[PDB]
Protein chains: 2
Amino acid sequence: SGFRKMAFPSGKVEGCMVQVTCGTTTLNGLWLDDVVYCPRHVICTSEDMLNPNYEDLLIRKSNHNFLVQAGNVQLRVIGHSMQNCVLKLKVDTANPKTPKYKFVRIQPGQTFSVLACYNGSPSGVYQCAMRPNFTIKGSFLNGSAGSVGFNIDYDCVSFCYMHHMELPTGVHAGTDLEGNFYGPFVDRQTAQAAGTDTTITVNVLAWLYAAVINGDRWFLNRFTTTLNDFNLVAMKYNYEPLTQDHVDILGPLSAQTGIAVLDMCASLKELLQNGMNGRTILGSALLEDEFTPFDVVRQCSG
Amino acid sequence: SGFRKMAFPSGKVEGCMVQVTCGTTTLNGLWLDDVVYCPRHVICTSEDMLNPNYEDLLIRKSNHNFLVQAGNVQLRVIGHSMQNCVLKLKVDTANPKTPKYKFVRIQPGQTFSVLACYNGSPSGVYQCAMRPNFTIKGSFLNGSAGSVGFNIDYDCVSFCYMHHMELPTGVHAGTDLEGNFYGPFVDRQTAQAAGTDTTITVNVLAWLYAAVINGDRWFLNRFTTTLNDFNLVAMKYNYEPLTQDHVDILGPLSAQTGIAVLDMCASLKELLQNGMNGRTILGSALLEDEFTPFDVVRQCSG
Ligand SMILES: CC(C)(C)[C@H](NC(=O)NC1(CS(=O)(=O)C(C)(C)C)CCCCC1)C(=O)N1C[C@H]2[C@@H]([C@H]1C(=O)N[C@H](C#N)C[C@@H]1CCNC1=O)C2(C)C
Ligand SMILES: CC(C)(C)[C@H](NC(=O)NC1(CS(=O)(=O)C(C)(C)C)CCCCC1)C(=O)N1C[C@H]2[C@@H]([C@H]1C(=O)N[C@H](C#N)C[C@@H]1CCNC1=O)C2(C)C
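Residues numbered from 1 in each chain as written, not as in the entry; some residues may be left out. Chains lettered and ligands numbered in written order. Heavy atoms only, no water.

As stated in the entry header, the method of structure determination is X-ray crystallography and the reported resolution is 2.00 Å.

A. Just the sheet that holds strand β2 (residues 25-32) of chain B, in detail. Residue and element names in this part refer to chain B. Pairing in this open sheet of seven strands is antiparallel, and the strands run β5-β4-β1-β2-β3-β7-β6 from one edge to the other. Whereas interior strands pair on both sides, the edge strands pair on one side only; in this sheet they are β5 (73-75) and β6 (77-83). Sheet twist, expressed as the average angle between the axes of neighbouring strands with direction ignored, equals 30°. The pairing of β6 with strand β7 (residues 86-91) spans six bridges and is antiparallel. When the bridges of β7 are listed, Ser81 appears paired with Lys88. (Pairing = 2+ DSSP bridges. Helix = DSSP H or I, 4+ residues; strand = E, 2+ residues; numbered from the N terminus. Axes fitted to C-alpha atoms, helices over the stretch in contact; angles between N-to-C directions.)

B. Summary view of the interface of chain B and chain A. Of the residues lining the interface, 39 residues belong to chain B; the matching set on chain A comes to 39 residues. Note on chain B versus chain A: buried area summed over both sides is about 2,600 Å², and carbon and sulfur give 49% of it. If you look at where chain B meets chain A, you find two salt bridges. Across the salt bridge formed by A:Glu290 and B:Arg4, the nearest N and O atoms sit 2.8 Å from each other. Remark: the boundary between chain B and chain A carries 25 residue pairs in polar contact. At seven residues, strand β10 (residues 121-129) of chain B tops the list of elements feeding residues into the side of chain B that touches chain A. Within the side of chain B that touches chain A, the residues separate by chemical class into 15 nonpolar, 17 polar and seven charged. (Contact = heavy atoms within 4.5 Å. Buried area = accessible area lost by both parts, 1.4 Å probe. Salt bridge = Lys/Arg side-chain N within 4 Å of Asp/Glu carboxyl O. Polar contact = N/O pair within 3.5 Å; in protein donor to acceptor, adjacent residues only side chain to side chain. Nonpolar A, V, L, I, M, F, W, Y, C, P; charged D, E, K, R; others polar.)

C. Broad picture of the relation of the copies chain B and chain A. The transformation that overlays chain B on chain A combines an axial shift of 0.0 Å with a rotation of 180°, and the residual RMSD is 0.0 Å. Such a turn and shift between the copies fits a two-fold axis. For chain B, the smallest separation between a C-alpha atom and the rotation axis is recorded for B:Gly11, amounting to 1.8 Å. Taken as a fraction of all interface residues of chain B, those also at the interface in chain A reach 100%, which identifies the copy contact as same-surface. (Least-squares fit on C-alpha atoms.)

D. Region of the structure containing unusual backbone geometry. A positive phi angle, near 50°, is found at A:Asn84, a position not held by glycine. Tracing the chain through its elements places A:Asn84 in the loop between β6 (77-83) and β7 (86-91). Classification of A:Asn84 by relative accessible area gives partly exposed; the value is 38%. Positive phi outside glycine occurs at B:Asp33, with the angle close to 45°. As for its placement among the helices and strands, B:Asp33 is situated in the loop between β2 and β3 (35-39). The partly exposed category is assigned to B:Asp33, whose relative accessible area is 37%. (Buried < 20%, exposed > 50% of the residue type's maximum accessible area, 1.4 Å probe, protein only.)

E. The site of ligand 2, seen in detail. Residue and element names in this part refer to chain B. Contacts to ligand 2 come from 20 residues, most closely from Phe140, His163, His164, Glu166 and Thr190. At a separation of 3.3 Å, a nitrogen atom of ligand 2 approaches a polar backbone atom of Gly143. For ligand 2, a nitrogen atom lies 3.0 Å from a polar atom in the backbone of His164. For the shell around ligand 2, the leading source of residues is strand β12 (residues 156-166), giving four residues. (Near = heavy atom within 4 Å.)

F. View of the environment of B:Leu268. All names here are of chain B. With respect to the secondary-structure elements, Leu268 resides in helix α7 (residues 261-274). A sequence separation of 61 residues divides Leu268 from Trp207, and the C-alpha atoms of the two residues are 11 Å apart. Ignoring anything within four residues of it in the chain, the contact list for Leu268 reads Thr201, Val204, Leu205, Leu208, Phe230, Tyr239 and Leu287.

G. Spatial organisation of the state of the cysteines. Residues and elements named next belong to chain A. Enumeration over the complete set of coordinates arrives at zero disulfides over all chains. Looking at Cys85, it has no disulfide partner, and the nearest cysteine sulfur is the one in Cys44, 11 Å off. Free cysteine: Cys265, not disulfide-bonded; nearest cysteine sulfur from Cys300 at 19 Å. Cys265 gets classed as buried once you look at its relative accessible area, which sits at 0%. (Disulfide = S-S within 2.5 Å.)

H. Examining the packing of helix α3 (residues 201-213) of chain A against helix α7 (residues 261-274) of chain A more closely. Residues and elements named next belong to chain A. Axis separation between α3 and α7 bottoms out at 10 Å; the angle between their running directions is 100°. Between α3 and α7, the angle is such that the two are roughly perpendicular. Touching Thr201, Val204, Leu205, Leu208, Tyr209 and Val212 of α3 are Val261, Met264, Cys265, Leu268 and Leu271, all from α7. Of the residues in the contact of α3 with α7, the class split is 10 nonpolar, one polar and no charged. (Parallel < 35°, antiparallel > 145°, perpendicular 65-115°, else oblique.)

I. Seen up close, the pattern of salt bridges. Residue and element names in this part refer to chain A. Enumeration according to the criterion identifies 18 salt bridges over all chains in this entry. Between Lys5 and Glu288 there is a salt bridge, and its shortest N-O distance comes to 2.9 Å. Here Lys5, found in the segment before α1 (11-14), pairs with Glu288, found in the loop between α7 and α8 (293-300); they are 283 residues apart in sequence, far enough to count as distant. By relative accessible area, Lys5 is classed as partly exposed at 26%.

Next comes the structure, spelled out in structure tokens:
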């Protein structure tokens, strides 16, 4: 038993991380087969960052303007192109440590592990969720762009995120691996702000089930509600509406605990209206929304 | 910016994880050079677990009673011995992926990453602290024994923990890699309980500095206190006494923020006496004590 913010093991991804330098700008790249993927703003200088024309900036470079290192081994750039907001650097050597992989775009509410990197070297791993406003609450310093987010399905690494930049509120924004931003952001230093965030209701319910499984039952009650009555109070507290697909997804957790989904919604409803009043759930004094139903099953069953 | 519960990248350790079976009991082992280390209770059956004599149980086995697999490759056991509460299985092949490593015993308050494993296969990575009562609040299911805790210093993996068992309160107990238990626990199914836990004061102070660094300043004040006056109120709330060595260790964080350690103790003192009163710090509504001063420097500076 127990419950932790658990990341996927990062070994398969650590072998794909490289350093990319162009000019006086160094960041991280992802080396799969014979292509290195990195954020396109590596080709920027400081005078370009307010309003760059990446088309012009790219045509003024040649393959030898890009320094790519895998540890101490240097990689020879033999071609480059831009795909949306990423650069694709064709290199002369295929990464022998290339895992089976795919490129997926995730939806708000889903979670993934982030391998934070500096100068091509993995520094730490942590778990986060894609927020309803398409930002992530990450931990990133200067030079972290090109760090990637991933899930592991069986033996296949699904890459879903590449880090680009930090917003003024301290949250983070990035692209999928095809270079398309999550959210309404662009990689130029203009004033941009995220939309208002909301709480991911289905994730809070999953976490309450994890609590029950681990012996925390004080918030339960005998009542029940309906999807419409619950959704009515949820809007008041900036919680995401709950759909029947969500109820279905919570099925295995309902079964394992013998507590119906709509029973659990009744407990949540009362928690929102009266607070925790000095009690904790799974060691937290706030309702946690960054565990999916699948995260909970994976940790509380295997 | 941002602040996350960040684990070390696990690649170096994933390559050392193997499956060990003896009888109908399968758990994990750690394969370094030509030795596999695993919890000694792998040689137990269910009738032995209440009061095992591991000396007798071990003499009744031969090398062929131990099945050791590294993925699909089988490892040939050519010798075995017991070191305190671990088994050392000599095998015919040296692990080619053996990192530079050392075996260290950690002190209450220090943190480490845990690579949770089942059937020799890495499942997840998370960060935890060794509690003042020598337990850890982990996340472990059946079959997780032999999972290891580690830190990474430069290129060297320091192994500090091997998991053995779960206490009735849902917390976890294990050994260093020489087989010596942390805490007053023994690997037999007798009633044992942990001592009372306390809050790791130096870690709470480090985390308040992380908050200041990330823009959370509402709990600060102009007051100051002394080590003796602070330590007097800390005892009342089950906080660990603060020593001058702790003050020294917090030096770099004092310098970076321009807030003296004893200034920050004055803020903590007032937080303990009046609570947070509906406010959060770094996204938490409780005082967090599982980040060391070094964790904070590593994440908020590099
Ligand atoms: C360094 C800043 C945080 C100030 C910057 N952010 C903005 O310019 N934000 C915004 C404008 S604004 O703030 O309204 C104002 C105009 C400045 C008031 C623009 C982007 C959307 C949101 C608002 C930024 O991150 N930039 C600017 C250049 C790169 C990218 C960068 O350096 N990436 C890092 C690497 N490698 C990773 C970073 C570093 C810290 N932690 C991380 O995640 C870039 C090309 C975006
Ligand atoms: C399965 C139990 C949790 C009930 C068990 N715990 C105790 O027997 N606790 C204690 C007695 S007691 O509870 O007071 C009572 C007498 C039962 C009332 C004894 C140990 C100190 C504290 C109290 C246990 O863990 N055992 C028993 C056999 C192994 C070890 C084991 O199976 N290890 C797992 C593997 N692989 C990893 C586990 C599984 C879940 N998550 C994990 O971490 C073992 C040889 C210790």
